[PDB]
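Contents: one structure, followed by commentary.
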Amino acid sequence: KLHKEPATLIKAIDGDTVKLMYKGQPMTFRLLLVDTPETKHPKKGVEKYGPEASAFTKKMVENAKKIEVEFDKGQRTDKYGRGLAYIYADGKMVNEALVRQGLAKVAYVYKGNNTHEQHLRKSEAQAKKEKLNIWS
Ligand SMILES: Cc1cn([C@H]2C[C@H](OP(=O)(O)O)[C@@H](COP(=O)(O)O)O2)c(=O)[nH]c1=O
Ligand SMILES: [Ca+2]
């Protein structure tokens, strides 16, 4: 079983990337198992719902009393040095909130980091059934 560790928000970067102070050092975290539309890469442009996904995450972590990070059992950092985790705001998983709202798709089931994959997939099916945002 995984365990949550406290962290402090530094800054929300976009829908799936946030900077947190973790174990006293600043670190960029990438949300496990999700993909929010891009808003900074010239390759994709400013994809549809990018701005909305960014606003959602930002609102969620900024308004939180408590932020927690939960590493999975596989690799803890990507090739860019970003921590790969499930992030919680007042006990609510940001990763799931995004999928449930149709603001992210379940993606990158990578290097044994899939503990909450089923949980996420269920939320995604529900957002799809409801034709929300990305699925509209
Ligand atoms: C979520 C996640 C993303 N990534 C990588 C894959 C992609 O690399 P490439 O940049 O080579 O495509 C990129 C997707 O993140 P972004 O959605 O921030 O771009 O980060 C991982 O390596 N592991 C992961 O668990
Ligand atoms: Ca993304």
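Every chain in the structure tokens has a letter given in the order shown (A, B, ...), and although residue numbers restart at 1 in each chain, ligands are simply numbered from 1 in the order shown.
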What are the nearest atom pairs, with distances in Å to one decimal, for all residues of chain A that come at most 9 Å from ligand 1, using only C-alpha atoms and all ligand atoms, set out by chain and rising residue number as CSV?
```
residue,atom,partner,partner_atom_place_in_ligand_line,distance
A:14,CA,ligand 1,18 (O),9.0
A:16,CA,ligand 1,18 (O),6.8
A:17,CA,ligand 1,18 (O),6.8
A:30,CA,ligand 1,1 (C),6.0
A:31,CA,ligand 1,1 (C),5.9
A:32,CA,ligand 1,1 (C),4.6
A:33,CA,ligand 1,1 (C),5.3
A:34,CA,ligand 1,1 (C),6.1
A:35,CA,ligand 1,17 (O),5.4
A:36,CA,ligand 1,17 (O),6.7
A:37,CA,ligand 1,17 (O),7.6
A:38,CA,ligand 1,17 (O),7.0
A:41,CA,ligand 1,19 (O),8.3
A:75,CA,ligand 1,25 (O),8.3
A:76,CA,ligand 1,25 (O),8.6
A:77,CA,ligand 1,23 (N),7.6
A:78,CA,ligand 1,22 (O),4.5
A:79,CA,ligand 1,22 (O),6.2
A:80,CA,ligand 1,20 (O),7.4
A:82,CA,ligand 1,20 (O),8.6
A:83,CA,ligand 1,25 (O),8.9
A:84,CA,ligand 1,25 (O),5.9
A:85,CA,ligand 1,25 (O),8.3
A:107,CA,ligand 1,1 (C),6.9
A:108,CA,ligand 1,1 (C),5.3
A:109,CA,ligand 1,25 (O),6.6
A:110,CA,ligand 1,25 (O),5.2
A:111,CA,ligand 1,25 (O),7.4
A:113,CA,ligand 1,25 (O),7.1
```
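DSSP on the backbone gives helix (DSSP H, G or I) for these parts of segment 38-90 of chain A: residues 50, 51, 52, 53, 54, 55, 56, 57, 58, 59, 60, 61 and 62 of chain A.
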- Tell me, as a ChimeraX atom specification, which residues lie within 10 Å of residue 130 of chain A, counting only C-alpha atoms; anything in the same chain fewer than 4 positions away does not count. /A:100-102,124-126,135-136
How would the residues just chosen look if you wrote them out with N, CA and C atoms as a JSON list (two decimals), in the first residue's frame?
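As a result, part_32.json now contains:
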```json
[["chain", "number", "residue", "atom", "x", "y", "z"],
["A", 100, "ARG", "N", -12.88, 12.85, -13.87],
["A", 100, "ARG", "CA", -14.35, 12.84, -13.63],
["A", 100, "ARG", "C", -15.09, 13.99, -14.28],
["A", 101, "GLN", "N", -14.39, 15.13, -14.34],
["A", 101, "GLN", "CA", -14.94, 16.36, -14.95],
["A", 101, "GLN", "C", -14.75, 16.37, -16.44],
["A", 102, "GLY", "N", -14.15, 15.36, -17.04],
["A", 102, "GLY", "CA", -13.88, 15.31, -18.49],
["A", 102, "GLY", "C", -12.79, 16.33, -18.87],
["A", 124, "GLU", "N", -13.47, 8.00, -15.88],
["A", 124, "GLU", "CA", -13.41, 8.44, -17.26],
["A", 124, "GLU", "C", -14.64, 7.97, -18.05],
["A", 125, "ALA", "N", -15.05, 6.74, -17.79],
["A", 125, "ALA", "CA", -16.23, 6.17, -18.52],
["A", 125, "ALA", "C", -17.49, 6.99, -18.22],
["A", 126, "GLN", "N", -17.58, 7.38, -16.95],
["A", 126, "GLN", "CA", -18.69, 8.22, -16.47],
["A", 126, "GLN", "C", -18.63, 9.57, -17.12],
["A", 135, "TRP", "N", -15.22, 15.21, -23.78],
["A", 135, "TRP", "CA", -16.09, 14.22, -24.42],
["A", 135, "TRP", "C", -17.35, 14.81, -25.02],
["A", 136, "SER", "N", -17.48, 16.11, -25.04],
["A", 136, "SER", "CA", -18.70, 16.74, -25.59],
["A", 136, "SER", "C", -18.57, 16.81, -27.13]]
```
- Message: Give me the residues near segment 2-13 of chain A as an NGL selection string, where near means some atom within 8 Å (using only C-alpha atoms) and where sequence neighbours in that chain fewer than 5 positions away do not count.
- Response: :A and (18-23 or 26 or 54 or 57-58 or 61-62 or 66-73)
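From atom CA of residue 103 of chain A back to atom CA of residue 132 of chain A, the distance works out to 8.1 Å.
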- Do a neighbour search on residue 99 of chain A at 7 Å with only C-alpha atoms, toss out local chain neighbours closer than 4 positions, and write the hits as a PyMOL selection string. chain A and resi 95+103-105+120+123-124
I need the chosen residues saved as a PDB file, in the first residue's frame, with C-alpha atoms.
```pdb
ATOM      1  CA  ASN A  95      -5.979  13.187 -10.856  1.00  0.00           C
ATOM      2  CA  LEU A 103     -10.814  17.629 -18.251  1.00  0.00           C
ATOM      3  CA  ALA A 104      -8.235  14.863 -18.710  1.00  0.00           C
ATOM      4  CA  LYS A 105      -7.981  11.442 -20.338  1.00  0.00           C
ATOM      5  CA  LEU A 120      -9.500   6.380 -12.900  1.00  0.00           C
ATOM      6  CA  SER A 123     -14.389   7.931 -13.633  1.00  0.00           C
ATOM      7  CA  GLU A 124     -13.414   8.440 -17.260  1.00  0.00           C
TER       8      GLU A 124
END
```
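Atom CA of residue 39 of chain A lies 23.6 Å from atom CA of residue 64 of chain A.
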- Counting only C-alpha atoms and all ligand atoms, the residue among A:127, A:93, A:106, A:27 that lies closest to ligand 2 is A:106
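Take atom CA of residue 129 of chain A and atom CA of residue 46 of chain A: the distance between them is 25.5 Å.
Taking only C-alpha atoms and all ligand atoms into account, ligand 2 lies nearest to A:50 out of the set A:74, A:50, A:24, A:45.
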- Would you please work out which residue, of A:87, A:63, A:44, A:28, is nearest to ligand 2 when using only C-alpha atoms and all ligand atoms? A:44
- Task: Could you give me, as a ChimeraX atom specification, each residue of chain A that DSSP assigns to strand (DSSP E) when run on this structure's backbone?
- Result: /A:5-12,17-22,25-31,34-35,67-71,83-89,92-93,105-106
